[PDB]
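Order of the sequence lines fixes the chain letters, A, B, ..., with proteins taken first and strands second; residue numbering starts at 1 for each chain.
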Amino acid sequence: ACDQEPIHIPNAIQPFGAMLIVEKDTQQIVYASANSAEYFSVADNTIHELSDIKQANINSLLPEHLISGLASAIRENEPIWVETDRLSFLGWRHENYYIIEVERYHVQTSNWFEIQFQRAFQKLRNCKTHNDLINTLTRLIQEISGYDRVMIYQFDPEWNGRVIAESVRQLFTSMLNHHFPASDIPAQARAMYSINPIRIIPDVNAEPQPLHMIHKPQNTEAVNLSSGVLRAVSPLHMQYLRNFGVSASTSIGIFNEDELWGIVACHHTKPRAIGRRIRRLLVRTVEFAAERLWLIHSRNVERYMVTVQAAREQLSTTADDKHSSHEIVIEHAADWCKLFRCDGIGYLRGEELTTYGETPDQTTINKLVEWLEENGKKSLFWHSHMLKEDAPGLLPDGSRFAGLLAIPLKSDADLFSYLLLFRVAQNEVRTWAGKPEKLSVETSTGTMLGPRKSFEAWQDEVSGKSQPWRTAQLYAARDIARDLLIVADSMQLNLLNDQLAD
Amino acid sequence: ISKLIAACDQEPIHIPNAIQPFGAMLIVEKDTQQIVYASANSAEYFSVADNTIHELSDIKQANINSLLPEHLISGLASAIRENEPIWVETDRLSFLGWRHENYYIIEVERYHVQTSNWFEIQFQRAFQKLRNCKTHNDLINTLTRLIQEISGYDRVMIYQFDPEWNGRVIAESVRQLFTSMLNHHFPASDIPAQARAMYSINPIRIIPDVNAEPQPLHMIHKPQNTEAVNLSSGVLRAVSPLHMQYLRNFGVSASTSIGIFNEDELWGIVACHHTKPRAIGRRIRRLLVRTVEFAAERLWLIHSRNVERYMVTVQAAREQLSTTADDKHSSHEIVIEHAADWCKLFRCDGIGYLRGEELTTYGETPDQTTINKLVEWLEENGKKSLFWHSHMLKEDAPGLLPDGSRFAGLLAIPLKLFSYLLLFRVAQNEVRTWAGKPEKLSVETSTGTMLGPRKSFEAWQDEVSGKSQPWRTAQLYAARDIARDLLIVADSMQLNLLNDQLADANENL
Ligand SMILES: *C/C=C1/C(=C/c2[nH]c(/C=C3[NH+]=C(/C=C4\NC(=O)C(C=C)=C4C)C(C)=C\3CCC(=O)O)c(CCC(=O)O)c2C)NC(=O)[C@H]1C
Ligand SMILES: *C/C=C1/C(=C/c2[nH]c(/C=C3[NH+]=C(/C=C4\NC(=O)C(C=C)=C4C)C(C)=C\3CCC(=O)O)c(CCC(=O)O)c2C)NC(=O)[C@H]1C
Ligand SMILES: [Cl-]
Ligand SMILES: [Cl-]
Ligand SMILES: [Cl-]
Ligand SMILES: [Cl-]
């Protein structure tokens, strides 16, 4: 019921600007935030109270270019940004309505943004690794935004997440490598980043301004405020931020194409106001950082394939030196352990077994081979990172092996042949920002589904599991294993030809 | 002619001791703080900065601290890394200064105050459009459309280099005034190596007026070192007269180009032309370079993901092969079942699988006799390799193929009683349109005698025959893996047959 709160239609705004909601076909103003008088009086003396906006003509409150744009815009939820000498308007269409946000603005011209943008592009282009990219991005967001704690928060497949990079200044504890549960950001909150990539909360304790009905709309249903920035903040998130020790907040979605991959999360210990040009500078910067990061990852994929091609050219050369596949394994199995990020290797053909590194004993290898022969066929390869779950009754009790990659090399033939790659359990200590308790009621606040009070480090453990096998490794190990098969088959064809000759 | 082209790289374009006239330039010594050079138009710019300036002679007496704003002086002093320009604006002047060895170089332009949200809206629209480009063709065409809309230049082109630094226009947005150059080939000599190198020092080059008289540098106070000062980091550096005449012959009054970098290698340039003079301010310059930079990372990401998608396709094929083989099909049956797919996967016209005396072919292949001449010849010369490949057999393997053979491409995977997978590519003769006939001009310059610019850029065709598309690396390894998949099935069946004949032999014995 965390994802059931209708945060798109709160009928209230944060007080760092005002909002109007107009009907498209009637041009009537049907809603105005309660603070609207103090914004539009900057342009018009006559406006002293909310009811003066009810007497007002939409053509007298809005710039002609805002109205023109809105009239001609084809796309819904595509905000038009229009400035006067004193006000910065952000308007867009949603169904029968124009939604218009307004903030206070004044012209002050410099080359600061262009200089910051050039430096950000230069630093990001010189990142060659994932680590360098992410830490550079946090430093840049912190320079540009002035917030005291800037984090990169990456989602896992369950929408749990982790802080993986961080620039944190002072007054703030370090959240780096802390885990957060999925409840901290419910699905409709994640969804908002696809509508507007930035979310700004200049002041956690600013009181929200409700939307008042001005002229009677044709349809009474709440209006979706999703594309702007003024949308009021769910009280559960406000309190979560208060518990986090946060007074202002800003997050930017990190998108891998359409996929929400992670988030730049920025916190400040005091209220802090950053304008439209800073918000856009931040979003442009995150967009360039994300492209570059996906490019680093994609290039690492090619680079790995080059590494595997090198290992196979090394293997073909040992084989040209007339060595048996048994001898190839003893020669190269340690390089393979790096290539495959595994702890041990068994190569099996018929009665013959060759091992390297951390391996179950020969008995257990034979029981795995038999089990795979009976229950693991019908697969190019069989893998597991939770071996006791996935193939019980096999390992001895208390065994430390948790991962297995198995490449079958024969089928319906005279003997069995496998390449086996083993991973020991890695018993990972996860640090959580407070115990990830499933929500019920928080008795300190008397809140149904309330957030945890404390984000202080809390450690748990998941055992009996290894790294999952990457797709790139599955195929590279199948390729390596089948290189051995070709060697062994060549030698068995020689031997068999001789014996049939006799 | 080779010598005349090589002499193009001789002109030291980094030290012309002159500037384009859309600004002014001062050069100061770092240790002595004295002004050692001033472009000849300095006084019309710095008279805005000091009322006592009325003439170039007045710079000789002037103190630097009254000519440059405090932020620029502090910034240049505190500047550690060379060739990193500092951009400082005043009310009326836009300054740009950097340090090069023992000099500060300062360019100054006239400045028009921008008070709108235009640039930020353009940045948002450009990035939105580039982020939504998911193919190579979409990216490059969207890029030229954005560069033309932002800059207003009448012709924008993406010009990609080949490994020999010739190039081709691969995308274009051109307005009614100019002739289309799409798919036209230009030779390397159009952009000498020194010229290609300048993009690494400043990614943008700006020539607002091809007929603007360049302003020489005047010595103010004597420098310790009389060598000409390197001007490469700025934008005011005067243009080679050979390239100005080139642009005149191209019918161009103004140009701006932005280098396209893939990491540290110059992969091409965005070239923009106008039929009248056209200056672009510092902000438009930055918006251009930032857009080209976001677009390139996008393009490299698109290519890199294409390799990933190609490997997914290859693995889906190899899984299909495995499904067929587990129905106890022979290798020749598998080749007949899947070779039409393999021809797409490998973009080839034909495939042959050879195993001892057996040959299976699909699509266009040489005849059996030629296939045996290939196989036998490969054993002599392809023993040292994992695969062997050529996209011009008649050069890479002279005398091998019969006279008149349609075939130009060969990818051969050895499997052993010989066994091979052979992948064949028909010659696809390729007509190239060049921008102008190759004229062998000679021109006597100051730096020596070198190639003069072409006078005509009209379409001139030539033709490359006897070649196929070149084999991509992803295809070499994919084909090798398919081939060895076929080897493994064939070996399995020979092993089965051998064990049967052996068990029968021992039974009869
Ligand atoms: C039962 C509902 C719950 C809930 C709701 C909720 N949360 C948000 C918004 C955000 N939550 C965030 C969480 C984090 N901030 C961090 O800094 C980190 C990690 C370092 C995490 C995990 C963030 C970032 C947001 C976005 C807003 C922001 O930037 O602060 C919403 C949406 C708020 C709104 O826009 O109205 C909602 C409804 N959170 C829970 O914990 C439970 C109780
Ligand atoms: C013997 C010397 C030669 C020579 C010299 C030269 N050329 C440049 C600069 C450029 N040439 C360019 C060529 C093109 N513009 C296009 O639009 C296309 C194709 C669509 C090509 C090939 C370009 C782009 C430049 C950069 C400058 C610009 O953007 O216009 C220089 C360096 C100029 C300078 O920066 O001082 C020099 C020395 N060109 C030859 O033709 C030979 C004869
Ligand atoms: Cl905004
Ligand atoms: Cl602003
Ligand atoms: Cl500039
Ligand atoms: Cl400007």
Side-chain angles (χ1 to χ4, degrees), chain A residues 80-83 85 88 107 109-111 113-115 117-118 121 124-125 128 255 257 276-277 280-281 283-284 287-288 290-292 294-295 297-299 301-302 305 309 312-313 316 378 380 409-414 471-472 475 478-479 482-483 485-486 489-490 492-493 496-497 499-500 502, chain B residues 86-89 94 113-117 119-121 123-124 127-128 130-131 134 261 263 282-283 286-287 289-290 293-294 297-298 300-301 303-305 307-308 311-312 315 318-319 322 325-326 328 386 415-416 473-474 477 481 484-485 487-488 491-492 494-496 498-499 501-502 505-506:
Chain A
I80 296 165
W81 170 19
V82 168
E83 299 179 310
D85 46 23
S88 183
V107 166
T109 56
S110 62
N111 63 359
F113 293 87
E114 297 90 332
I115 289 167
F117 201 44
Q118 176 148 298
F121 264 53
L124 294 170
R125 280 172 79 255
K128 293 133 183 176
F255 282 93
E257 301 302 295
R276 297 208 194 269
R277 288 163 162 85
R280 290 186 166 62
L281 178 56
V283 170
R284 298 295 89 71
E287 281 165 6
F288 184 73
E291 299 291 10
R292 179 115 192 95
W294 318 142
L295 176 61
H297 292 176
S298 199
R299 281 184 179 149
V301 174
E302 319 188 61
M305 278 335 278
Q309 299 319 314
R312 298 185 65 190
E313 181 141 28
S316 182
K378 309 167 179 179
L380 299 195
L409 294 177
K410 290 292 183 196
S411 190
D412 284 359
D414 42 327
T471 278
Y475 288 113
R478 179 180 186 254
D479 291 333
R482 284 168 72 86
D483 284 14
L485 172 64
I486 285 168
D489 275 4
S490 183
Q492 199 194 352
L493 285 165
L496 270 177
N497 269 320
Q499 291 167 350
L500 192 70
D502 308 348
Chain B
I86 305 170
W87 175 18
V88 181
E89 288 169 329
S94 181
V113 186
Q114 234 291 326
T115 45
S116 57
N117 60 5
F119 286 84
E120 293 87 1
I121 283 153
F123 270 115
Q124 183 161 291
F127 281 27
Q128 294 183 11
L130 297 179
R131 280 168 67 223
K134 297 199 191 188
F261 280 92
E263 297 323 287
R282 298 202 195 285
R283 285 175 168 80
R286 307 293 196 280
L287 171 56
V289 171
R290 296 291 88 80
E293 279 167 348
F294 185 99
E297 301 300 291
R298 189 66 192 163
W300 316 150
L301 177 54
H303 293 169
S304 202
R305 275 168 172 165
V307 177
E308 254 176 288
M311 284 322 294
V312 169
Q315 291 301 342
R318 300 192 51 208
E319 184 171 323
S322 174
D326 290 335
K328 310 309 176 192
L386 291 173
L415 304 167
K416 282 297 176 188
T473 308
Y477 286 104
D481 282 339
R484 291 163 71 82
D485 280 348
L487 161 62
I488 285 178
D491 272 356
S492 292
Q494 198 194 2
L495 278 171
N496 210 326
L498 280 177
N499 271 116
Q501 297 169 338
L502 186 53
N506 301 332

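Classification of the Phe127(B)-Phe121(A) ring pair by plane angle, with boundaries at 30° and 60°, yields tilted.
Although no hydrogens or angles enter the test, the distance criterion places a donor-acceptor pair under 3.5 Å between the side chain of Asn117(B) and the main chain of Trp81(A).
Using a 4.5 Å cut-off between heavy atoms, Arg286(B) touches chain A through its side chain atoms alone. Using a 4.5 Å cut-off between heavy atoms, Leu500(A) contacts chain B through both its backbone and its side chain. The parts of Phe123(B) that come within reach of chain A are both its backbone and its side chain, each placing non-hydrogen atoms under 4.5 angstrom from that chain. Using a 4.5 Å cut-off between heavy atoms, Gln315(B) contacts chain A through its side chain alone, with no backbone atom that close. Contacts of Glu302(A) with chain B are made by side-chain atoms alone, with heavy-atom separations under 4.5 Å and no backbone atom involved. With a threshold of 4.5 angstrom between heavy atoms, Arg276(A) does not approach chain B through any atom at all. For a residue to count as touching a neighbouring chain, one of its non-hydrogen atoms must lie under 4.5 Å from one of that chain's; by this rule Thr115(B) touches chain A with backbone and side chain alike. Looking at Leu380(A), the atoms closer than 4.5 Å to chain B (heavy atoms on both sides) all sit in the side chain, from C-beta outward. Heavy-atom distances place no part of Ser88(A) under 4.5 Å from chain B, backbone and side chain included. In this structure, chain A has heavy atoms under 4.5 Å from both the backbone and the side chain of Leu502(B). Heavy-atom distances place the backbone of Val82(A), and not its side chain, under 4.5 Å from chain B.
By the salt bridge (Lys or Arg N to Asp or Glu O under 4.0 Å) test, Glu263(B) pairs with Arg292(A), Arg299(A), sequence neighbours left out. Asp502(A) pairs by the salt bridge (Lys or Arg N to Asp or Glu O under 4.0 Å) definition with nothing, not counting sequence neighbours.
Interatomic distance, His297(A) NE2 to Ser304(B) OG, rounded to the nearest 0.5 Å: 11.5 Å. The CG atom of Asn499(B) sits 4.5 Å away from the CG atom of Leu496(A) when rounded to the nearest 0.5 Å.
For the set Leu281(A), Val301(A), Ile115(A), the count of heavy-atom pairs under 4.5 angstrom toward chain B peaks at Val301(A). Comparing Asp414(A), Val107(A), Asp479(A) by how many heavy-atom pairs each has under 4.5 Å with chain B, the most go to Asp479(A). Note on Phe255(A), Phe288(A), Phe113(A): by heavy-atom pairs under 4.5 Å with chain B, the leading option is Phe288(A). For chain B, the option among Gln499(A), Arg312(A), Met305(A) with the highest count of heavy-atom pairs below 4.5 Å is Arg312(A). By number of non-hydrogen pairs under 4.5 angstrom with chain B, the leading residue of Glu287(A), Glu83(A), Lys128(A) is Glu287(A).
Between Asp485(B) and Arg482(A), at least one side-chain nitrogen of the basic residue sits less than 4.0 Å from a carboxylate oxygen of the acidic one, meeting the salt-bridge criterion.
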